[PDB]
Each structure stands twice: as structure tokens, then as C-alpha cells.
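# Analysis of the macromolecular model
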Amino acid sequence: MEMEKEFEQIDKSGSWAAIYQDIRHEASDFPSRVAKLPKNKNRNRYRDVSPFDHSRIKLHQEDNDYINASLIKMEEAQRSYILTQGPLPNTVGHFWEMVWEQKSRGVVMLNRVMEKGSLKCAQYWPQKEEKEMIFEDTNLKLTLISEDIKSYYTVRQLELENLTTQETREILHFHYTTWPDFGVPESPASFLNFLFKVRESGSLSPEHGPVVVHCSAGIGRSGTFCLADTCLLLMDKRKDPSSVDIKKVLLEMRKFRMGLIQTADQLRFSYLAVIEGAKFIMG
Ligand SMILES: O=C1CN2C[C@H](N1)c1ccccc1S2(=O)=O
């Protein structure tokens, strides 16, 4: 079926939970043996969210190459994304090592450091120009260059230096700051505006390594971001845009990381975002 009318048909019939459970039943199951090794316990935020072995990002290190991060490679859309958990106190150096080694231009953050009164990720970037951060375990230096605070999101320019070679690179930090503590946003308009700002920066384009996208677990909000982006790109590429099937795209993405889209409300919000986004694109 088309999307917008499949949408109204699920709303009127109140069957979002059943649609979402079908997706959960049909989703791929692949091994995640490296994630579960005892030496990696303090590298995982949640025991039930792990990268598959076949698609995990490897650190360029001989001691321990493990990080909780996955490469989502979308072949028809010609887009790639790295989806990862919010960094832990003992993995902030690994996180920036990955950004460096994979040649990413941008980092997309969809959570606040504290939500619901608990810590959802480490404070992994510097908050003041004159107070830079040094990660001694991976030999990197990180400096805040500029910050632009808007009503729904903040954009930061950061300098990452490999202290071993003295090479430097400019990294863009795109921080969506207004996702509610409970539920999903009422309108997709500010999320779409944010997606378009990431696109306009070049951070999603083939002349760079894959964008790094995270929330707390790196599957819910993060899944919503890449699902909406890929669906909108396919609608621009195909002769028949009504052929884009959001449930099929989501199952393709779940071949590369488990659990993408965590609730039926997140699934409905993804539909809404793609539907509204397709109208603004045209033309
Ligand atoms: O509260 C935490 C802090 N760490 C990351 C994660 N959650 C965890 C989970 C199991 C054992 C140890 C750890 S940790 O490394 O202390």
C-alpha cells in the first residue's frame, strides 16, 4: 500500500502495536559473540543491545578492537551510517578513535546528557574554548572552536587532533536537544528541519566517511533518524515514489543492527516524518 493512506488505515483501526510486533518477529537474528566476551562488559551500556559480529566497527588496535557500534550500509539509497551507543566514562577515547579512523565529518546526538534524572551518556566534548580535552588512552586532543545554540538544536565546530601524527580535522557536532523525556514529538517539523541541516553540511555525503549517529542505546531515536533519511532519498531516486515501503526499509536496516525503532510510537512518528518530509521536498 502507499504510505499516507496505510497510515490513516492503521490509525483508524488502532493496530500500531500489531504492526510493530510483526516487524519484531520478522527481524534478523545474527551472532554478537565479540560483544559478549567478559573483557568487554564495561564497554556496553545495556546488556540487551549489542552489535552483530558481521557489521560491527573494529577499532584499529591489536589489544582490544571492540566498540558498541554498527555500520548500516544502504545499497540502493547509496548512504552509510554508523549507529552507536552514547559513550561511557571508559569508552570516550574509543569513540573519538572511531570518528578519526572512519573519516567521519559529522556526529549526530539525539539525547541530553541527563534525562529522567539519570545519566544517559558521558560529557564527551568540551564546553569551553579554553578547556580542551585530551584522551590519553587513544592519543587524541579535542577542542571546541565555536557553538551556535538554536531553539531546537545546537551545532558545534570541533577540532580533532591525532597527537601521534599532528594531523588535524574539523568535526561538526549536530545536537538535537528537545526530544521529550517520554514519548515522541507531537509534530515532526523540528526533527525534519534538523535532518535537513545535517544534510546541508555535507556530513551525509560520499566524499566523507559515514556519519556517526547516537542516542543512549543507539537504536531508538537513532533508528528514526536514519530510517527517515533513507526513505526520503529513495522517494527522490525512484520513478514511482509511492513504491517506497517503510516497513521493508526498516527490516533491511535491522540486518545490520538489532532493535532499530524501540516502540510503536517511534514507528508511527517515523511514518509521520517521511509523509510530511515528502511534501516539503517538492518541489
Ligand atoms: O553504569 C554503567 C557504567 N558502566 C557502563 C555500564 N553501565 C556497565 C554495565 C555493566 C558493568 C559495568 C558497567 S561500567 O563500565 O561500570
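For every chain, the first residue of the written sequence is numbered 1, i.e. counting runs from 1 onward, and this need not coincide with the entry's numbering; residues without coordinates are not included. Remark: hydrogens and water are excluded; side-chain values derive from all non-hydrogen atoms of the structure.

This paragraph deals with the site of the ligand. Taken together, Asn42, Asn44, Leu88 and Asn90 make up the full set of residues adjacent to the ligand. Polar contact is defined as a pair of N or O atoms within 3.5 Å, subject to the rule that within protein one atom must be able to donate a hydrogen and the other to accept it, and that residues adjacent in sequence are counted only when both atoms are side-chain atoms. At 3.4 Å from an oxygen atom of the ligand is found a main-chain nitrogen or oxygen belonging to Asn42. Accessible areas in this description were obtained via Shrake-Rupley with a 1.4 Å probe; residue shielding takes into account the shown protein chains only. For the ligand, whose free accessible area comes to 360 Å², the fraction covered by protein is 45%. Each residue gets one label: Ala, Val, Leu, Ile, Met, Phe, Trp, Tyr, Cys and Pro are nonpolar, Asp, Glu, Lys and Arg are charged, and the others, such as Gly, are polar. When the residues that make up the shell around the ligand are grouped by side-chain class, the tally is 1 nonpolar, 3 polar and no charged. When we say a residue is near a molecule or strand, we mean one of its heavy atoms is within 4 Å of it.

Before going further, it helps to examine the nonpolar core. Think of a nonpolar core as a cluster: buried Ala, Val, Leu, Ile, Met, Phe, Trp, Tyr and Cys residues, connected wherever their side-chain atoms sit within 4.5 Å. Type-normalised accessible area, obtained with a 1.4 Å probe on protein chains alone, sets the label of each residue: buried when under 20%, exposed when over 50%, and partly exposed for intermediate values. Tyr81, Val108, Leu110, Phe194, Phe225, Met253 and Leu267 are the most contacted members of the largest nonpolar core, which totals 58 residues. Helical segments are the DSSP runs of H or I of at least four residues, strand segments are the runs of E of at least two, and each set is numbered from the N terminus. Considering each element in turn, this core owes the most residues, 9 residues, to helix 5 (residues 221-237). Residue contacts follow a heavy-atom distance rule, with two residues in contact if any of their heavy atoms lie within 4.5 Å. In this view, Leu267 contacts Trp16, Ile19, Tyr20, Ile23, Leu250 and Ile261; residues no more than four positions away in its chain are not counted.

A few words on the packing of aromatic side chains. Only the six-membered ring of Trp is used, alongside the rings of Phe and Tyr, when aromatic pairs are assigned; centres must lie within 6.5 Å, and planes under 30 degrees apart are stacked while those over 60 apart are edge-to-face, with the rest tilted. Applying the stated criterion across every chain yields a total of 17 aromatic pairs. For the pair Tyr124 and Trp125, a centre-to-centre distance of 5.0 Å together with 75° between the ring planes defines the contact as edge-to-face. Counting every residue linked through ring pairs, the aromatic cluster contains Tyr153, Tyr176, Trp179, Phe191, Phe194, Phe225 and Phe269. In this structure, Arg169 is placed above the aromatic ring of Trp100, and the distance from its NZ or CZ to the ring centre is 3.8 Å. Our definition puts a charge over a ring when NZ of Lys or CZ of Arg is within 6 Å of the ring centre and also within 35 degrees of the ring normal.

What follows deals with the sheet that holds strand 8 (residues 140-149). For two strands to be treated as a pair, DSSP must find at least two bridges joining them. Read from one edge of the open sheet, 9 strands run 1-2-3-11-4-10-9-8-7, paired in mixed fashion. Edge positions in the sheet fall to strand 1 (56-58) and strand 7 (133-135), since each has one partner strand and no second. With strand direction ignored, the average angle separating the axes of adjacent strands in the sheet is 30°. Where strand 2 (residues 66-74) and strand 3 (residues 79-84) come together, 6 bridges link them in antiparallel fashion. Among the inter-strand pairings, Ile72 is bridged to a residue of strand 3, identified as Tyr81. Orientation is described by lines fitted to C-alpha atoms, with helices fitted over the stretch in contact, and by angles between N-to-C directions that extend from 0 to 180 degrees.

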